[PDB]
Amino acid sequence: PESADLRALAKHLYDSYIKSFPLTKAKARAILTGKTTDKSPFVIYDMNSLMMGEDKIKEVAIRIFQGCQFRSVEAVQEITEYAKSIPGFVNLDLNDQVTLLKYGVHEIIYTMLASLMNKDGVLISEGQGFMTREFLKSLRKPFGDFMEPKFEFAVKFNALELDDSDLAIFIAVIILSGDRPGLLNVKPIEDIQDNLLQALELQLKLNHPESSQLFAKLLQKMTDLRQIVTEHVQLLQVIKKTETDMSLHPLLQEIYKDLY
Ligand SMILES: CC(C)(Oc1ccc(CCOc2ccc(/N=N/c3ccccc3)cc2)cc1)C(=O)O
């Protein structure tokens, strides 16, 4: 409950975040800005560069989508491992652990996705490639509409200039949301989130002392996340109806089953 308890929690989460997520914001920024700690990506900006890129790194929009499913499944695996490290999470009723993961994992995906983006495109294939926003926008409907709202969010989110240590606490706050539909015991979840929110506030005060009220502004961003999810779900429903040769991977299918 004291500051030292809050710092210890911040430290624990950052340590777990680094252990759980092999591609950090620090690495993403090093790739994107040309630092010598990391290597230059191959840039895919049209159909030709895409074909050459697969060699360097079934309509194309569908192949890209199926690749997205696999990255997303990996993301869920990483996020689940991380969630289990949040103090108190694995002590919750198992139904609630499942519910929290079900509603939270994509909110986390879009949050961390911002780390891989700038206004012009997104890192892919563990940072080995970079696919432009213009190219993704050019994919046939409805595949061309998947990424744009995520890019719009990312530009706004990236303006906050958070680092990995900040993000570690923020994503924990997202997971421990007491307002998820169908939760059985809201209070112990809120008890954990209250601790995480305090730890995040202190972390932001110490790590960005010249960023006044960064905490409140960060919380402002969480509104956009649920809207991204809502819009995304509508696009998935279209795909389900128009592309019968495809289904979501079973883990993703479970996540979206009876969501909202
Ligand atoms: C059906 C599916 C897969 O639809 C999606 C379509 C597009 C997107 C956005 C781009 O896909 C990404 C997949 C993984 C990403 N990042 N990886 C991590 C890993 C660990 C932690 C955080 C992020 C980024 C983008 C997403 C989904 C779906 O809804 O699952």
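Throughout, chain A uses Swiss-Prot numbering, with the displayed residues spanning 234-290, 303-505 in order.
If you're wondering, the header gives X-ray crystallography, 1.8 Å.
Every residue gets a Cβ built from N, Cα and C, even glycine.
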The candidate from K244, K252, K289 that Swiss-Prot records as ubiquitin cross-link is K252
Looking at 315-323, 360-368, 495-503, which one is motif '9aaTAD' according to Swiss-Prot?
495-503
Near ligand 1, meaning Cβ under 6 Å from any of its atoms: which of the binding-site residues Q314, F315, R316, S317 fit that description?
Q314, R316, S317
State the Cα to Cα distance, in Å, between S317 (rosiglitazone binding site) and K252 (ubiquitin cross-link), rounded to an integer.
18
Tell me the Cα distance separating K252 (ubiquitin cross-link) from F315 (rosiglitazone binding site), rounded to the nearest angstrom.
20
